[PDB]
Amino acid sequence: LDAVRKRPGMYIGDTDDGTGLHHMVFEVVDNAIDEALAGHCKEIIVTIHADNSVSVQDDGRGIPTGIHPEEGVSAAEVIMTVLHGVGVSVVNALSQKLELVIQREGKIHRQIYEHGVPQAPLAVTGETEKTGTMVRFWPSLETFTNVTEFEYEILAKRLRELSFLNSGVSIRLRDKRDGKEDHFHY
């Protein structure tokens, strides 16, 4: 991920005018839509938190958790830490913190990253009947300058377009700063 950290603008877009900052959410959403499409209920929820982090969750099958034969760490970590649509690894590299939760095969798995560095291996923390994935990320304020807060309408505009293109996927957008909400479903 050092190639991304070296020139963040080349991977994510402009890091001063808000375009890169918002692209961070859109990259996570693309992965979440792919996941939601492979499950039954097909809903994602995008939440803007009061501390200007964003979470994206889906009710799909869960990102795979098994150890990658060649890389020797969880498949979940491989995807977060290997350059491969730019990849969620870019978002991870440019987040001062990123938290994930995978619910799969009866188990809750958790992991925390800081600036793309895993703090510990993916770990089973509990049991569950549910399936799905959730990522919450705190954009790096070392990278993102001037525009550092999420504009609701920029997110809402793109999620609307996505709802028409991915017919039958339910997309919820919530802003915990002021209570605003939308539900895009074609």
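We number the residues from 1 along the sequence you see. Just so we're on the same page, rigid core means the largest C-alpha set that superposes within 1.5 Å between forms.
Engineer: Which is farther from the shown form in 9 other deposited structures of this protein in C-alpha RMS with the core fitted, 27 to 35 or 113 to 121?
Structural biologist: Stretch with the higher C-alpha RMS distance in 9 other deposited structures of this protein: 27 to 35.
Engineer: With everything overlaid on the rigid core, name the stretch, 150 to 158 or 41 to 49, whose CA atoms wander farther on average in 9 other deposited structures of this protein.
Structural biologist: Stretch with the higher C-alpha RMS distance in 9 other deposited structures of this protein: 41 to 49.
Engineer: Find out whether the coordinates of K107 are absent in at least a third of the other compared PDB entries of the same protein.
Structural biologist: Per the records, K107 is modelled in all the other entries.
Engineer: Among the other entries of this protein that were compared (only those with both neighbours built), does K97 lack coordinates in at least a third?
Structural biologist: Modelled in all the others, so no.
Engineer: Looking at the deposited entry, does 34 to 42 or 154 to 162 carry the larger mean Cα B-factor?
Structural biologist: The entry gives the higher C-alpha B-factor average to 34 to 42.
Engineer: State which stretch shows the higher mean Cα B factor in the entry: 1 to 9 or 177 to 185.
Structural biologist: Between 1 to 9 and 177 to 185, it is 177 to 185.
Engineer: From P139, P121, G60, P69, pick the one with the largest CA B-factor in the entry?
Structural biologist: Most elevated C-alpha B-factor of the set, per the entry: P69.
Engineer: In terms of the chain's CA B-factor thirds, is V117 lowest, middle or highest?
Structural biologist: Bottom third by C-alpha B-factor.
Engineer: Could you tell me which third, lowest, middle or highest, the C-alpha B-factor of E99 occupies within its chain?
Structural biologist: Its C-alpha B-factor belongs to the middle third of this chain's values.
Engineer: Lowest, middle or highest third: where is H84 by C-alpha B factor in its chain?
Structural biologist: Highest third of the chain for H84's C-alpha B-factor.
Engineer: Select lowest, middle or highest to describe the third in which the CA B-factor of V29 falls within its chain in this entry.
Structural biologist: It belongs to the lowest third of the chain when residues are ordered by C-alpha B-factor.
Engineer: Give the position of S55 by CA B-factor within its chain, expressed as the lowest, middle or highest third.
Structural biologist: Bottom third by C-alpha B-factor.
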